[PDB]
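*Asks:* Handing you a structure now.
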Amino acid sequence: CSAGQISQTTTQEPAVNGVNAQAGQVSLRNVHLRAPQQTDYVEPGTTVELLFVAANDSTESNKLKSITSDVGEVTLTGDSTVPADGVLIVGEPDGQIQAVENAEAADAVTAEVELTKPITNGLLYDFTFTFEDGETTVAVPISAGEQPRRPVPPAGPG
Amino acid sequence: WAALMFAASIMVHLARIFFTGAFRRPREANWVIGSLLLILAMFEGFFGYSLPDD
Amino acid sequence: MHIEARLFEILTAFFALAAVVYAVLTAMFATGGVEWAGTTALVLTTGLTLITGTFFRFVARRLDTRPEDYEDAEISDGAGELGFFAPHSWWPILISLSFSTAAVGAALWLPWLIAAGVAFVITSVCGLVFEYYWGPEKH
Amino acid sequence: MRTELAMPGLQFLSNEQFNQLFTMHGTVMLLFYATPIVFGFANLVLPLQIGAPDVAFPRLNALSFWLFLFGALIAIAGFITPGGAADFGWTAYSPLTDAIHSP
Amino acid sequence: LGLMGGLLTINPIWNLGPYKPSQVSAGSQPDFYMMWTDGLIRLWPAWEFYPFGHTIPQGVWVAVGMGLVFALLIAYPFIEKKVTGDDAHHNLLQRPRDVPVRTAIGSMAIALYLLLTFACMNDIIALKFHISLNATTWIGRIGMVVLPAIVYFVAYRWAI
Amino acid sequence: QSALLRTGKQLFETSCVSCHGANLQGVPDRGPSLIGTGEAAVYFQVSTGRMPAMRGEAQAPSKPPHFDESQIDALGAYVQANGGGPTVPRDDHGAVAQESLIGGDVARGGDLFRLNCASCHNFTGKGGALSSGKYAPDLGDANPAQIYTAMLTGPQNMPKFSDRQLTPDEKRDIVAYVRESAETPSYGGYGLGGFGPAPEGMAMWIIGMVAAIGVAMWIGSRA
Amino acid sequence: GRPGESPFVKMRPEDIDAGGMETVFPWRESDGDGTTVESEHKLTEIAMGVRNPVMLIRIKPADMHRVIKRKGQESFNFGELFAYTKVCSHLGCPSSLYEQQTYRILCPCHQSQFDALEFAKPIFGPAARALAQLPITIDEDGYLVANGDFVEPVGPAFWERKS
Amino acid sequence: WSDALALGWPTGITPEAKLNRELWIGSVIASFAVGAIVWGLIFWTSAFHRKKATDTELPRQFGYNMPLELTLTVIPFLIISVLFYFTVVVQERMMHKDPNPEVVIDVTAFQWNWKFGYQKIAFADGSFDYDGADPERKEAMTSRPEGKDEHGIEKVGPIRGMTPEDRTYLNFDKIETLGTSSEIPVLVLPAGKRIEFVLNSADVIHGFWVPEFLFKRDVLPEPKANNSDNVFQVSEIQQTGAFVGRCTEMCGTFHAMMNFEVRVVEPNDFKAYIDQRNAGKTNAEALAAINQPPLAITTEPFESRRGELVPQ
Amino acid sequence: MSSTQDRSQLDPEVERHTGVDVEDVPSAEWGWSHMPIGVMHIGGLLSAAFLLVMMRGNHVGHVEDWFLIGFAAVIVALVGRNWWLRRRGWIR
Ligand SMILES: CCCCCCCCCCCCCCCC(=O)O[C@H](COC(=O)CCCCCCC[C@@H](C)CCCCCCCCC)COP(=O)(O)O[C@H]1[C@H](O)[C@H](O)[C@H](O)[C@@H](O)[C@@H]1O
Ligand SMILES: CCCCCCCCCCCCCCCC(=O)O[C@H](COC(=O)CCCCCCC[C@@H](C)CCCCCCCCC)COP(=O)(O)O[C@H]1[C@H](O)[C@H](O)[C@H](O)[C@@H](O)[C@@H]1O
Ligand SMILES: CCCCCCCC/C=C\CCCCCCCC(=O)OC[C@H](COP(=O)(O)OCCN)OC(=O)CCCCCCCCCCCCCCC
Ligand code: HEC
Ligand code: HEM
Ligand SMILES: CCCCCCCCCCCCCCCC(=O)OC[C@H](C)OC(=O)CCCCCCCC[C@@H](C)CCCCCCCC
Ligand SMILES: *C(=O)CCCCCCCCCCCCCCC
Ligand code: FES
Ligand SMILES: [Cu+2]
Ligand SMILES: [Cu+2]
């Protein structure tokens with residue numbers, strides 16, 4: 001009776017770095033920050049990108065995506081009202097394929113944030129995604145999409 | 001394999017003697033020392049397969 | 001064994017008729033011709049009953065009217081030495097357990113538990129068959 | 001299955017737990033209660049009814065019972081497994097039964 | 001023994017890498033003779049006592065269990081003679097059926113030993129025979145008090 | 001590719017939208033969202049066959065794949081385009097790399113396997129048991145791409161080994177060790193599975209002890 | 001797994017990804033690579049330390065809200081990174097098995113599970129004491145460093161404990 | 001009286017359903033007559049109790065009434081023969097297989113939901129120059145020049161040269177009304193027209209039932225290779241509105257979650273719907289545009305939650 | 001016919017005059033044949049108590065506790081039935 005109403009397989013989040021925020025009609029999937037850090041912190045004043053996918057649940061739509069801004073002044077370049085029983089893919093997560101030579105509306109709604117606050121990988125930073133339906137804090141992580149190991153200096157025994 | 005058969009045959013011999021009553025009045029001390037022998041065999045195999053640091 | 005053979009002869013007649021009619025009406029008037037599953041099953045159940053009935057008829061012709069087959073047969077007529085009916089035996093349960101250990105080995109695809117269940121089955125079938133033939137121990 | 005079906009919602013059973021129930025209920029009742037009990041009654045009175053002392057192969061009919069009992073148990077054994085018993089109904093139709101479906 | 005040394009592989013230490021505290025496998029079993037001690041360790045239900053500023057880990061439970069097992073095994077003939085009352089010089093064995101209580105007790109003890117031995121192997125039993133690991137652990141826990149009683153009753157009646 | 005994306009979408013729509021809802025968002029309490037899972041996850045999971053899954057239980061078992069390599073690639077490309085994530089390795093031609101994933105070093109691969117993989121699988125990649133009905137499966141069926149992608153995407157109750165955590169060279173070494181341990185013949189006889197104590201004790205008790213007892217019964221006299 | 005040279009390499013939080021487990025060891029700058037003879041003995045000591053190995057777990061941000069924290073171990077975690085001793089609290093075998101989406105640290109020796117979401121308290125098996133939690137953080141350059149020592153003895157329990 | 005005596009048969013919405021319901025009413029009449037007479041016989045012989053007045057004298061002890069046996073073994077044969085003749089004439093209108101369907105729906109039934117393709121539409125009155133999509137049908141012929149061996153094998157494929165995972169039998173169309181787990185599919189059909197259903201299954205055998213059609217068919221994976229007549233026609237659908245439809249087989253775990261709808265709208269409504277779907281719009285959007293509720297009104301989507309006591 | 005009857009004189013030493021009888025255990029004189037019923041009753045009661053006590057443990061599970069409850073309940077039911085029947089003289 002591992003197959004009962006509470007089963008391990010069904011109640012599993014995706015094995016992805018981005019968090020999931022189902023609150024609100026539009027569901028946020030694989031929401032993370034591309035913020036390549038060269039040191040302990042990503043210093044304020046540097047622009048890091050905000051990846052996620054906004055999937056519409058209802059066909060009756062919530063395609064506004066008004067502000068979705070928090071501490072950092074997230075700006076949505078090439079903003080569009082995409083979600084209509086479909087996906088709004090704000091950016092290009094590492095490994096993303098354009099899927100066609102051309103493109104629609106230039107960039108596909110790329111969200112970029114001027115930090116105004118140090119951030120580091122491993123921490124969770126709250127972002128308030130607000131559609132016309134409602135607002136939800138998501139606690140976005142920092143994800144190193146596909147970058148390999150940065151060479152750490154060799155150690156001199158002492 | 002000889003260690004495993006040693007343990008298994010000690011166990012089977014213990015079963016035989018216990019079930020056939022080969023320990024009462026005489027041979028009771030024989031049963032006692034046989035029990036000590038079984039314990040020693042158990043720990044001997046324990047130290048044996050533990051001997052090659054693995 | 002006239003009635004015993006004739007029962008299977010009747011079953012053979014009916015099953016042969018069913019197989020023939022199914023084969024014909026499936027070769028024609030079916031979406032994809034002969035079904036080839038029902039046809040074969042009907043043909044070989046006809047074969048089942050045919051084998052049994054043929055053996056029963058051979059035996060009926062080979063044997064004179066038994067008291068069992070003979071109406072107006074007194075109990076004393078059949079009274080005599082009935083043959084060997086196996087008394088108590090614990091080999092059937094061992095055979096069942098061995099076949100169950102082979103079956104679980106087949107279900108859970110464990111070649112080692114199949115191999116052992118089959119060994120187990122051979123041993124227990126040998127025990128059952130030799131149960132009443134293992135001569136006295138010769139020391 | 002009956003308690004679950006009393007109310008429209010899935011009160012206490014999951015979809016696959018219910019599917020295991022009618023699968024095993026159907027087979028247990030037929031193949032482990034109905035088909036093995038005709039030979040239960042046959043072994044009971046058939047030799048008596050024809051005047052015989054015993055069945056033709058009385059060690060064989062002993063094997064038949066134990067094959068029934070142990071064969072039945074290993075079918076019920078699907079429940080103790082974490083996945084459960086067979087999802088597919090008693091009929092166990094082909095595509096649903098292959099390794100791809102109900103693995 | 002030579003045939004089995006040839007044809008059957010025992011303890012492939014080359015497969016089993018060198019000991020490192022940070023590394024481990026899933027099997028982690030001792031030979032079948034210590035498998036009952038290991039199974040006792042696995043099955044015993046994590047009962048720990050914390051006296052004044054001290055700890056009494058679950059290891060002591062299994063240690064005392066082994067001590068009791070060995071003490072009872074060593075002292076059985078004297079226990080049996082104290083219980084029954086027979087100190088007569090016995091040179092003729094008695095068939096296990098002819099002594100229902102002792103054969104029943106031995107069957108009960110063998111059942112407990114087999115339960116513990118398979119509890120130690122519950123990991124591989126769960127892996128191969130598809131049974132949840134928690135289910136195997138709790139089957140062992142319940143059986144080690146149920147299975148000995150069942151086997152005792154069955155063996156007693158079987159002997160009679 | 002356009003047609004590859006279209007084929008992946010068509011397969012997705014008639015295979016998994018019931019439990020990975022259309023738009024790749026996950027169906028609450030039936031399946032996780034596939035956004036960000038990537039092409040490697042799709043390749044491993046569908047090729048091992050786990051994904052045409054017909055039950056919610058402790059663990060999704062392996063099974064014959066329901067799609068051929070081309071359809072696996074189509075589904076993987078569709079999922080990668082929708083979400084974007086890890087990609088399965090490929091060789092010079094374009095096919096999923098099998099031999100290229102065999103790392104040169106096998107001692108290093110074995111050390112890494114023992115530190116990370118043997119934790120649950122085995123000393124040599126046989127299976128292992130887990131908490132509640134789960135289990136780490138035997139690795140002898142997995143091919144180098146399947147092993148590499150299994151590490152790349154933690155399939156289920158398995159830690160997700162990123163390239164940063166296990167550089168592709170380390171993963172290649174682990175793949176080499178897995179394949180070598182799986183394809184290597186047992187020296188010293190029939191390795192009874194791969195678990196020492198339990199299969200060895202059973203084989204003793206069944207082969208050696210029945211032989212000894214039967215020989216003793218032959219030599220001696222019943223009484 | 002490099003055979004002998006630079007066996008231990010500094011680590012960064014970005015290296016792990018959500019639902020990831022990595023076995024880490026207490027490496028000091030003085031304990032440089034294994035090239036020298038002075039090194040390769042400190043490194044061997046680190047590797048052979050019974051209480052040295054730790055498992056660093058990246059809790060999925062979605063499940064970060066299910067985390068319960070122990071007394072005095074509330075700030076030990078660095079964001080979504082939790083460092084628990086691998087040595088099982090009961091008889092000291094490593095608890096190396098990790099189940100993500102269940103967050104259960106399983107020990108192979110005697111099948112004991114610890115709930116990593118909560119403080120690694122045993123929710124099954126013989127173990128009765130939670131695994132010790134290592135304080136962790138990032139120094140300059142972002143490399144992960146222990147922010148202290150275990151607030152309790154880390155190996156298996158013994159008579160002189162809990163005081 | 002007819003509804004009560006039909007034993008819960010939904011009054012058909014197509015002439016085939018009407019005729020089948022009439023046959024069912026007749027069959028139930030005959031069965032209830034037989035049951036009434038037999039139960040009367042049983043409750044009458046239950047009046048032959050062992051009366052205390054019965055002295056030491058046993059009954060007639062007759063048995064073996066050959067003429068009565070002949071009568072009661074010939075009459076049932078005639079009854080079943082009449083039933084069989086009616087059954088055959090009714091079955092004749094099970095699939096008339098009219099070579100000129102007015103709308104053809106490609107009913108793909110995959111694992112735990114439905115998809116409707118609208119393969120072709122050709123109104124007899126004259127309209128709907130529409131067709132399906134010949135592309136998207138990609139085979140899986142594993143005709144590699146060489147396999148694992150060095151030479152000679154040149155394996156073509158397991159079955160008829162194709163691998164089991166082929167899905168060439170599956171036909172695809174431009175307008176696909178796929179059903180999501182959270183959005184029950186609604187196949188909209190024109191009222192008054194001949195509607196053919198080309199049935200197929202993606203993964204597993206299962207069933208397609210519209211209780212109001214008084215007819216069901218088993219969507220098979222490869223019906224043509226299995227010697228099955230998956231395709232079946234409905235001459236007309238008079239009544240408009242939404243009719244629930246179930247899956248009437250075993251599919252897997254979520255077999256009870258395959259409910260769909262068939263929404264019979266007027267021919268003009270179907271014109272507007274198909275035009276607005278050719279224009280990029282979803283099924284719900286097209287329904288709203290033709291001013292009909294977008295979501296399945298006869299059945300809500302099932303809660304994807306595994307049950308009530310699950311902690312969300 | 002090729003079998004010789006056996007004469008056995010085993011040394012005896014409780015005298016079996018109380019406890020079990022040959023009609024109940026045919027080989028009562030040949031070995032230990034009687035376990036006091038109190039021993040088995042107390043053993044069953046303590047087994048049930050142990051099963052119940054195992055509910056207290058470090059397991060978040062609940063079907064485990066329910067299985068313990070069921071097994072302890074059936075053990076206690078068997079012990080109670082046996083004790084009641086023997087109290088009344090094996091009646092009902
Ligand atoms: C009586 C004395 C004789 C003793 C037996 C001696 C047999 C000698 C055999 C010949 C020499 C040694 C061959 C060594 C080559 C070799 O090892 O043999 C494997 C086979 O292995 C299997 O499957 C088992 C096949 C079934 C046959 C053997 C069964 C014998 C058992 C029953 C003996 C013990 C008794 C236990 C009784 C049980 C009942 C208890 C009540 C074959 O390869 P494979 O199959 O592919 O192994 C997989 C890797 O590939 C893959 O990666 C890896 O991941 C794995 O999956 C691995 O299995
Ligand atoms: C030596 C063996 C003989 C033993 C004799 C003693 C007999 C007494 C057996 C006692 C059985 C105790 C069973 C209960 C144990 C227990 O408490 O664990 C459960 C699992 O229940 C179960 O299946 C119960 C299965 C019980 C079947 C027992 C079968 C007896 C067999 C072994 C007898 C054959 C013996 C063969 C002898 C061989 C002879 C060799 C010579 C739950 O685990 P879990 O899986 O985590 O479930 C989670 C949900 O709860 C949660 O909602 C959900 O959310 C999920 O998380 C889900 O996973
Ligand atoms: C004849 C009896 C017939 C009884 C048949 C009943 C079968 C139905 C069982 C499971 C159905 C699938 C549901 C699967 C999920 C469970 C339901 C639930 O959620 O119920 C609430 C809590 C747990 O809360 P939780 O959220 O699971 O989390 C927890 C920690 N996190 O348990 C409770 O109080 C209520 C108890 C729930 C199940 C306990 C059943 C176990 C064994 C019964 C007796 C065995 C007797 C042996 C005799 C020798
Ligand atoms: C419920 C039935 C089911 C269906 C059918 C199914 N999935 Fe899934 N999927 C799951 C579950 C449950 C998980 C997570 C647990 C697991 O994978 O065992 C999952 C996870 C996945 C993953 C891995 C996610 C990760 O984070 O690693 C991939 C990739 C995936 N699904 C793709 C597919 C594709 C492609 C198909 C169709 C070819 C499909 N699935 C069909 C239920 C299903
Ligand atoms: C008395 C009963 C004994 C038992 C039960 C026993 C058991 C064992 C076992 C099981 C092993 C493991 C072998 C392996 O893993 O390959 C072992 C190893 C060993 N035994 Fe014993 N042994 C016994 C007596 C002896 C004796 C008398 C000697 C010396 C004369 C001895 C010398 C060794 C050595 C040197 C090893 C190490 C072999 C290795 O590491 O592979 N043992 N023993
Ligand atoms: C006292 C000892 C005697 C028993 C006393 C009366 C014993 C009476 C036992 C009532 C049992 C009640 C259970 C209530 C279920 C529950 O609420 O928990 C749900 C749980 C989550 O679901 C499961 O996990 C599996 C549940 C199914 C159990 C399959 C067992 C199949 C057994 C086979 C493996 C054959 C074994 C051979 C057995 C051989 C014996 C044959 C009878
Ligand atoms: C998951 O591991 C199993 C799910 C099965 C749940 C439903 C169980 C139905 C009851 C079965 C009865 C077993 C035999 C009872 C013996 C008294
Ligand atoms: S050694 Fe970890 S639970 Fe016992
Ligand atoms: Cu259905
Ligand atoms: Cu279906």
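The chains in the structure tokens are called A, B, ... from first to last as shown; in each chain the residues are counted from 1, and the ligands are counted from 1 in the order shown.
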Name the residues in contact with segment 114-128 of chain E at a cut-off of 6 Å, using only C-alpha atoms, excluding same-chain residues fewer than 6 positions from it; report them as a list in words.
*Replies:*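 Contacts, in chain order: residues 35, 36, 38, 39, 40, 136 and 140 of chain E; 128 and 129 of chain F.
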*Asks:* Taking the DSSP secondary structure from the backbone, can you list the residues of segment 70-306 of chain H that are strand (DSSP E), as a PyMOL selection string?
*Replies:* chain H and resi 103-110+113-116+120-123+127-130+186-190+195-201+206-210+215-219+232-234+241-245+260-265
*Asks:* Skip segment 33-42 of chain G itself and residues of its chain fewer than 6 positions away, then list as a PyMOL selection string all residues within 7 Å of it, counting only C-alpha atoms.
*Replies:* (chain A and resi 155-157) or (chain G and resi 4-7)
*Asks:* When you get a sec, could you note down which chain F residues fall within 10 Å of chain G, using only C-alpha atoms, as a PyMOL selection string?
*Replies:* chain F and resi 105+107-121+128-132+134+153-167+170+173-174
*Asks:* Write out, as a PDB file, in the first residue's frame, the residues just selected, with C-alpha atoms.
*Replies:*
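Heads up, here's the output in out_31.pdb:
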```
ATOM      1  CA  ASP F 105      40.459   5.943 -15.605  1.00  0.00           C
ATOM      2  CA  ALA F 107      40.303   3.249 -10.429  1.00  0.00           C
ATOM      3  CA  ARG F 108      39.124   6.855 -10.142  1.00  0.00           C
ATOM      4  CA  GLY F 109      35.707   5.839 -11.437  1.00  0.00           C
ATOM      5  CA  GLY F 110      35.480   3.074  -8.855  1.00  0.00           C
ATOM      6  CA  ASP F 111      36.519   5.377  -6.022  1.00  0.00           C
ATOM      7  CA  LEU F 112      33.886   7.914  -7.074  1.00  0.00           C
ATOM      8  CA  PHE F 113      31.315   5.127  -7.437  1.00  0.00           C
ATOM      9  CA  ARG F 114      32.002   3.857  -3.921  1.00  0.00           C
ATOM     10  CA  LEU F 115      31.890   7.352  -2.427  1.00  0.00           C
ATOM     11  CA  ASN F 116      28.700   8.347  -4.275  1.00  0.00           C
ATOM     12  CA  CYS F 117      27.051   5.428  -6.084  1.00  0.00           C
ATOM     13  CA  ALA F 118      27.683   2.353  -3.942  1.00  0.00           C
ATOM     14  CA  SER F 119      26.099   4.300  -1.070  1.00  0.00           C
ATOM     15  CA  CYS F 120      22.818   2.743  -2.197  1.00  0.00           C
ATOM     16  CA  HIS F 121      23.331   0.709  -5.368  1.00  0.00           C
ATOM     17  CA  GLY F 128      19.813  -1.742  -3.332  1.00  0.00           C
ATOM     18  CA  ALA F 129      16.794  -1.225  -1.116  1.00  0.00           C
ATOM     19  CA  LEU F 130      15.429   2.133   0.031  1.00  0.00           C
ATOM     20  CA  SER F 131      13.029   3.451   2.654  1.00  0.00           C
ATOM     21  CA  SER F 132       9.420   2.641   1.675  1.00  0.00           C
ATOM     22  CA  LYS F 134      11.814   2.193  -3.253  1.00  0.00           C
ATOM     23  CA  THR F 153      19.304  14.216 -13.684  1.00  0.00           C
ATOM     24  CA  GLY F 154      18.469  12.573 -10.379  1.00  0.00           C
ATOM     25  CA  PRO F 155      15.589  10.437 -11.640  1.00  0.00           C
ATOM     26  CA  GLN F 156      13.703   9.670  -8.425  1.00  0.00           C
ATOM     27  CA  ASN F 157      14.987   9.712  -4.837  1.00  0.00           C
ATOM     28  CA  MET F 158      18.447   9.809  -6.430  1.00  0.00           C
ATOM     29  CA  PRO F 159      20.722  12.826  -5.829  1.00  0.00           C
ATOM     30  CA  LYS F 160      21.066  15.041  -8.895  1.00  0.00           C
ATOM     31  CA  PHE F 161      24.746  15.143  -9.883  1.00  0.00           C
ATOM     32  CA  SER F 162      25.369  18.346 -11.813  1.00  0.00           C
ATOM     33  CA  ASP F 163      28.374  18.766 -14.075  1.00  0.00           C
ATOM     34  CA  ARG F 164      29.862  21.109 -11.468  1.00  0.00           C
ATOM     35  CA  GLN F 165      29.459  18.467  -8.749  1.00  0.00           C
ATOM     36  CA  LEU F 166      30.782  15.648 -10.963  1.00  0.00           C
ATOM     37  CA  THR F 167      32.673  17.115 -13.913  1.00  0.00           C
ATOM     38  CA  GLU F 170      34.320  12.200 -13.437  1.00  0.00           C
ATOM     39  CA  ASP F 173      35.027   7.580 -15.242  1.00  0.00           C
ATOM     40  CA  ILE F 174      32.017   6.452 -13.195  1.00  0.00           C
TER      41      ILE F 174
END
```
*Asks:* List every residue of chain D that has an atom at most 12 Å from any atom of ligand 4, giving for each one its closest atom pair and the distance in Å to one decimal, counting only C-alpha atoms and all ligand atoms, sorted by chain and then by ascending residue number, as JSON lines.
*Replies:*
```
{"residue": "D:15", "atom": "CA", "partner": "ligand 4", "partner_atom_place_in_ligand_line": "1 (C)", "distance": 11.6}
{"residue": "D:16", "atom": "CA", "partner": "ligand 4", "partner_atom_place_in_ligand_line": "1 (C)", "distance": 11.2}
{"residue": "D:100", "atom": "CA", "partner": "ligand 4", "partner_atom_place_in_ligand_line": "5 (C)", "distance": 10.5}
{"residue": "D:101", "atom": "CA", "partner": "ligand 4", "partner_atom_place_in_ligand_line": "5 (C)", "distance": 9.8}
{"residue": "D:102", "atom": "CA", "partner": "ligand 4", "partner_atom_place_in_ligand_line": "2 (C)", "distance": 11.1}
```
*Asks:* For the residues selected in the previous step, produce a file with N, CA, C and O atoms as a PDB file, in the first residue's frame.
*Replies:*
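So the final result, stored in again.pdb, reads:
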```pdb
ATOM      1  N   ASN D  15      -6.847   5.375  -6.829  1.00  0.00           N
ATOM      2  CA  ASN D  15      -7.305   4.785  -8.081  1.00  0.00           C
ATOM      3  C   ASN D  15      -6.713   3.398  -8.278  1.00  0.00           C
ATOM      4  O   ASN D  15      -7.426   2.446  -8.610  1.00  0.00           O
ATOM      5  N   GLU D  16      -5.402   3.265  -8.073  1.00  0.00           N
ATOM      6  CA  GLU D  16      -4.746   1.989  -8.335  1.00  0.00           C
ATOM      7  C   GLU D  16      -4.998   0.986  -7.217  1.00  0.00           C
ATOM      8  O   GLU D  16      -5.036  -0.221  -7.475  1.00  0.00           O
ATOM      9  N   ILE D 100       5.140  -2.913 -20.379  1.00  0.00           N
ATOM     10  CA  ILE D 100       5.019  -1.461 -20.487  1.00  0.00           C
ATOM     11  C   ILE D 100       3.924  -0.951 -19.557  1.00  0.00           C
ATOM     12  O   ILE D 100       4.098   0.050 -18.853  1.00  0.00           O
ATOM     13  N   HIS D 101       2.781  -1.631 -19.543  1.00  0.00           N
ATOM     14  CA  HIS D 101       1.631  -1.223 -18.748  1.00  0.00           C
ATOM     15  C   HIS D 101       1.480  -2.169 -17.565  1.00  0.00           C
ATOM     16  O   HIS D 101       1.477  -3.391 -17.738  1.00  0.00           O
ATOM     17  N   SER D 102       1.337  -1.607 -16.371  1.00  0.00           N
ATOM     18  CA  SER D 102       1.320  -2.421 -15.163  1.00  0.00           C
ATOM     19  C   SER D 102       2.657  -3.140 -15.035  1.00  0.00           C
ATOM     20  O   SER D 102       2.718  -4.370 -15.157  1.00  0.00           O
TER      21      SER D 102
END
```
*Asks:* Which residues, written as a list in words, have at least one atom at most 6 Å from residue 121 of chain C, with only C-alpha atoms counted and residues fewer than 2 positions away on the same chain left out?
*Replies:*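 What passes the distance filter is residues 95, 98, 99, 118, 119, 123, 124 and 125 of chain C.
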*Asks:* How close does segment 31-138 of chain A get to segment 70-89 of chain F? List, as a tab-separated table, each residue of segment 31-138 of chain A within 12 Å, its nearest atom pair and the distance in Å to one decimal, counting only C-alpha atoms.
*Replies:*
```
residue	atom	partner	partner_atom	distance
A:31	CA	F:83	CA	10.6
A:51	CA	F:83	CA	10.1
A:52	CA	F:83	CA	8.6
A:53	CA	F:83	CA	7.4
A:54	CA	F:83	CA	10.7
A:55	CA	F:82	CA	10.8
A:86	CA	F:82	CA	10.5
A:87	CA	F:82	CA	8.1
A:88	CA	F:82	CA	9.6
A:89	CA	F:82	CA	7.9
A:90	CA	F:83	CA	10.7
A:91	CA	F:84	CA	9.7
A:92	CA	F:84	CA	7.1
A:93	CA	F:84	CA	5.2
A:94	CA	F:85	CA	6.0
A:95	CA	F:85	CA	5.1
A:96	CA	F:84	CA	4.2
A:97	CA	F:81	CA	5.4
A:98	CA	F:81	CA	7.2
A:99	CA	F:81	CA	6.6
A:100	CA	F:81	CA	10.4
```
*Asks:* When you count only C-alpha atoms, which of these residues is closest to residue 92 of chain D: D:55, D:44, D:6, D:24?
*Replies:*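 Distance minimum relative to residue 92 of chain D lands on D:24.
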*Asks:* Which residues are near residue 11 of chain B? Cut-off 12 Å, only C-alpha atoms, ignore same chain within fewer than 2 positions. Put them as an MDAnalysis selection string.
*Replies:* (chainID B and resid 4:9 13:18 34:35 37:39 41:42) or (chainID E and resid 32:33 73 110 113) or (chainID F and resid 205 209)
*Asks:* Residue 12 of chain I: which residues within 10 Å, counting only C-alpha atoms, same-chain residues fewer than 2 positions away excluded, as a ChimeraX atom specification?
*Replies:* /E:85-90 /I:9-10,14-16,29-31
*Asks:* If we count only C-alpha atoms and set the cut-off at 10 Å, which residues sit around residue 21 of chain B, ignoring sequence neighbours fewer than 6 positions away in its own chain? Please answer as a list in words.
*Replies:* residues 15, 27 and 28 of chain B; 77, 90, 91, 92, 93, 94, 95, 96, 99, 102 and 103 of chain E; 31 of chain I
*Asks:* Which value, in Å to one decimal, gives the distance between atom 2 (O, counted along the ligand's line) of ligand 7 and atom CA of residue 9 of chain D?
*Replies:*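 If I compute the distance from atom 2 (O, counted along the ligand's line) of ligand 7 to atom CA of residue 9 of chain D, I get 21.6 Å.
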*Asks:* Name the residues, by chain letter and number, that sit within 7 Å of ligand 7 using only C-alpha atoms and all ligand atoms, and give them as a list in words.
*Replies:*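 The neighbouring residues of ligand 7 are, in order, residues 1, 2, 3 and 4 of chain A; 17, 20, 21, 76, 79, 80, 81, 82, 83, 84 and 85 of chain D.
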*Asks:* Which residues are near ligand 8 - at most 6 Å, using only C-alpha atoms and all ligand atoms? Format: as a list in words.
*Replies:*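 Going residue by residue within 6 Å of ligand 8, we get residues 88, 90, 91, 92, 93, 107, 109, 110, 111, 112, 126 and 127 of chain G.
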*Asks:* Expressed in Å to a single decimal, how great is the separation between atom CA of residue 24 of chain C and atom CA of residue 95 of chain H?
*Replies:* 23.4 Å
*Asks:* Chain F near chain B within 12 Å: what's each residue's closest atom pair and its distance in Å to one decimal, counting only C-alpha atoms, ordered by chain then ascending residue number, as a tab-separated table?
*Replies:*
```
residue	atom	partner	partner_atom	distance
F:123	CA	B:54	CA	11.2
F:196	CA	B:49	CA	10.9
F:197	CA	B:4	CA	9.9
F:198	CA	B:4	CA	11.5
F:199	CA	B:4	CA	12.0
F:200	CA	B:1	CA	8.5
F:201	CA	B:4	CA	7.0
F:202	CA	B:4	CA	10.1
F:203	CA	B:1	CA	9.8
F:204	CA	B:5	CA	6.6
F:205	CA	B:8	CA	6.9
F:206	CA	B:8	CA	10.6
F:207	CA	B:5	CA	10.3
F:208	CA	B:5	CA	7.1
F:209	CA	B:5	CA	7.0
F:210	CA	B:9	CA	10.6
F:211	CA	B:5	CA	11.0
F:212	CA	B:9	CA	8.9
F:213	CA	B:9	CA	9.3
F:216	CA	B:9	CA	11.8
```
